[PDB]
Amino acid sequence: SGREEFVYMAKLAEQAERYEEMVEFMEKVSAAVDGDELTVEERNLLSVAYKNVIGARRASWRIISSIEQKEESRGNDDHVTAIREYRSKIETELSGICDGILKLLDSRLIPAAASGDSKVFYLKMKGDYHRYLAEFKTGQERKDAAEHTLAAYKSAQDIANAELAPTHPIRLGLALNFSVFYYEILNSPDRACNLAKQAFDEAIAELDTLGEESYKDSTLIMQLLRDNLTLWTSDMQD
Amino acid sequence: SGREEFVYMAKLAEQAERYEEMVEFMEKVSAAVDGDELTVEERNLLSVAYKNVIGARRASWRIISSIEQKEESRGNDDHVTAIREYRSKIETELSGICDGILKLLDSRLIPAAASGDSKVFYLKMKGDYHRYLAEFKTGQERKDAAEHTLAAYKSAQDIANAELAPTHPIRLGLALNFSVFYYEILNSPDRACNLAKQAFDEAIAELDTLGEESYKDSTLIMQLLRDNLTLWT
Amino acid sequence: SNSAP
Ligand SMILES: [Co+2]
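First to last, the protein sequences are chains A, B and C.
To convert, note that position 127 of the first sequence is 129 in the deposited numbering; the numbers rise steadily by one, no gaps.
To convert, note that position 196 of the second sequence is 198 in the deposited numbering; the numbers rise steadily by one, no gaps.
To convert, note that position 5 of the third sequence is 1175 in the deposited numbering; the numbers rise steadily by one, no gaps.
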């Protein structure tokens, strides 16, 4: 059917690494699934699609920003103006991508979850994309984005603490991204370290609960948790 | 002014890895230079821009084609049909990209080329993009593409043999791509191997006898030539 | 800092 055709097209777009089209296909899948919930597979295809589309503009934004600061530190103000105009184009694309996924998540998927599985997943994703907004927005828009991020992550954390094993890859990913939020967005290294440490310990504490299928996913995140701590614990030094 | 602005924008697009925009910027620089030659730097920015823009569709095309063949081997005609529509979209983009750069080479850059270095460079590039056309075109369209590739490479090879040192990275790159043309498009491995070998020997002749500053580039190309010969035979 | 895949 509609749904199945566009799911397959989305998988093809992924293979071809034509991710803007993958988002289009998954947006058509999600729209075709109105009352029903997305499958685990469709949820993951949607997430991969948006992660890659935003990831590419995020990379470009960081690079153009480094160049902007260097050329600004230099007396070529003429170069700096051009770089700022270009970064503005990138920020426009970033804003439009976040608006697309936040509306789709906010209008269909979050209301439709009622699974706690998917509740935490979609809440984490809402927080993620508000955070990607907070990465480049300024003034009140940055404030609003960061506040919505914190609120999304908190709601996610409540459902996850109450209904997901400490070794659950969704709960672990949420902890990871929430800690990153504190370190990078809120500039609270103490808070970020505390949260990452807690999520790791609570997962090795109850490390029996982990699933064979769940293991590659969880262990990956837990290593990232340690890796973050490894840098933070060293920037509590540097 | 204009020219210098768009060169800078192209470098920014490259840094940002926004290559469709890099192509746009280099098309505006080249269009803004009527009759004058591109600098070596500008020429290379243009080539990088188009190389990356086409490279990405070439990769997508190969992957979608493999999936089409597997799904064909599975009797999944619904999947095969969807895949064919998608591959057709990719081939449309491929055709338009090769056409864009071929038009730019044919109306301004190839006519404007004033030295053997740039004459060979732009002819080699013409052969390259006719070859990328020949990679997916079929039937008569493929025959026409391959013939234009051969003609571009031949013109390039004549100028290169006549005005560029055998160790010139432009001449070496041309020899490399011409041999590849024989192996992959014309399925003439004997010719591909012979061409790569002759170009390599002619390059090793003056390897120690001559060279400075150019050496990392030439030695690089000659090593790719060796790797290919090692694989073909 | 790294985030979830
Ligand atoms: Co608000």
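By construction, the Cβ of each residue, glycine as well, lies at the ideal position given by its N, Cα and C atoms.
Legend entry - Cβ-heavy atom distance, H132(A) to ligand 1, below 7 Å: no
Legend entry - Member of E186(B), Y185(B), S157(B) whose CA lies at the smallest distance from the CA of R173(B): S157(B)
Legend entry - Cβ shell of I223(B) (< 7 Å), same chain only, five flanking positions each side left out: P171, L174, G175, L178
Inset, instruction - From the DSSP output, in three-state form, read off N46(A) for me. - result: helix
Inset, instruction - Say yes only if the C-beta of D146(A) is nearer than 7 Å to one or more non-hydrogen atoms of ligand 1, and no if none qualify. - result: yes
Inset, instruction - Tell me whether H150(B) counts as near ligand 1, meaning its Cβ is closer than 7 Å to at least one heavy atom of that ligand. - result: no
Legend entry - Residues near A115(A) in its chain [Cβ-Cβ closer than 6 Å; skip 5 each side]: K121, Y124
Inset, instruction - For the region 9 to 18 of chain B and the region 40 to 57 of chain B, state whether three or more C-beta atom pairs, one from each stretch, are separated by less than 8 Å. - result: yes
Inset, instruction - Name the two residues that bound the continuous alpha helix (DSSP H) containing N78(B). - result: Counting along the chain, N78(B) falls outside any alpha helix (DSSP H), and DSSP gives it neither H nor E.
Legend entry - CB contact check: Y88(A) to chain B, cutoff 8 Å: yes
Legend entry - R45(B) CB to nearest heavy atom of ligand 3 below 7 Å: Although ligand 3 was asked about, the structure shown includes only ligand 1 as ligands.
Legend entry - Residue of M24(B), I65(B), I66(B), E74(B) minimising C-alpha distance to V50(B): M24(B)
Legend entry - Integer-rounded CB distance, given that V82(A) should sit under 8 Å from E73(A): 5 Å
Inset, instruction - Compare the Cα-Cα distances from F183(A) to each of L106(A), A84(A), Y131(A) and report the closest residue. - result: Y131(A)
Inset, instruction - State the Cα-Cα distance for the pair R228(A) and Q200(A), rounded to the nearest angstrom. - result: 11 Å
Legend entry - Coarse secondary structure for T211(B), derived from DSSP in three states: coil
Legend entry - Continuous alpha helix (DSSP H) stretch holding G37(A): start and end: Where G37(A) is concerned, there is no enclosing alpha helix (DSSP H), given that its DSSP letter is neither H nor E.
Legend entry - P168(A) - DSSP class collapsed to helix/strand/coil: coil
Inset, instruction - Identify which residue in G57(A), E70(A), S216(A), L152(A) has its Cα closest to the Cα of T169(A). - result: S216(A)
Legend entry - First and last residue of the uninterrupted alpha helix (DSSP H) at residue 239(B): Because chain B spans 3 through 235 in this model, residue 239(B) falls outside it and cannot be assessed.
Inset, instruction - Assign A164(B) to one of two classes, buried (16 or more other C-beta atoms within 10 Å of its C-beta) or exposed (fewer than that). - result: exposed
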